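Here we start with a single chain on its own, the form deposited in one PDB entry, put down as structure tokens.
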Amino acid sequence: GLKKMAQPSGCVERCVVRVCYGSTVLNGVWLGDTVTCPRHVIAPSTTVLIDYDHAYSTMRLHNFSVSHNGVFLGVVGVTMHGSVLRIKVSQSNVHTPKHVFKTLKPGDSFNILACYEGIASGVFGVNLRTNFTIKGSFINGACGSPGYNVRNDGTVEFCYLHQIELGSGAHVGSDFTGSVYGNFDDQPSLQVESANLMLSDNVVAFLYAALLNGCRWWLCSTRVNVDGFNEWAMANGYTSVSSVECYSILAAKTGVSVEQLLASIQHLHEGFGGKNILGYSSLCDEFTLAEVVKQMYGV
């Protein structure tokens, strides 16, 4: 069985704060004596293009209010870095977890802690898609909601801060250095993301999960090698497959080769008509190899 799960949120919850500037409110992340939040918090109320360099030069520290669970923190200084602010506050978060900052790549899975007014309301796993957007569930006020991963040694990787929802409904964020994923503008615009490609590495993982569950009506005995599949993938809305050897644990157990699964993808590309694979009516790219392995075997 396959269930999308999030990693536990407790150590990240203790870092979420409410950041207010004037009347504008969003979420920030408090590590040590620094709060990171989207710079949208200092935007003037207007319908014209936002000049953030001008808003930054006219910023006054006393217009900020930063709080953790209703306890207000004193603001010492603020610098702007791409699409985020770094707010120095006058005391350190005594529950700062061991952490690093990591910039995601397309195909990476991570966890979103969806937050409103400095308070977490939900947690879910997501994948950064090839168009550098995610499909989240955010209502008004989710700006600044953090994305994270928890390494095996317990280190939190801070990798995402929610920035904006595009007209299409797709969600855009930045890393903690202020670079927006996909170079989208961090203010209202008419921007549209590129077409989403199916994540081939995840699809291969999904088909191995199907095999391990005894679902194999779809298996091809044809073989397509990596170079051939990657050329087909270009023309058919799929990514290249990154490598084959990482699947060897699943390959030995099944015992089906990655190249057989690549041929199976080409066979199943259009539809299942109208059978299903693990309940899905079309190929699923939601689950990574690491998830299939960890959910099947704890590794």
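Between two forms, the rigid core is the largest collection of C-alphas that superpose within 1.5 Å. The first residue of the sequence shown is number 1, and the count goes up from there.
One more form of this protein should be noted, the form deposited in another entry, which is absent from this view; the next part is about it.
Aligning the rigid core between the shown form and the other one and inspecting 92, 183, 221, 79, the C-alpha positions shift by 2 Å or more at one residue, which is 221. Comparing the forms between the shown form and the other one, the C-alpha position of residue 10 differs by less than 2 angstroms, with the core used for superposition. The Cα shift for residue 273 between the shown form and the other one, taken after rigid core superposition, is 2 angstroms or larger. Taking the rigid core as fixed, one finds a CA shift for residue 46 of 2 Å or more between the shown form and the other one.
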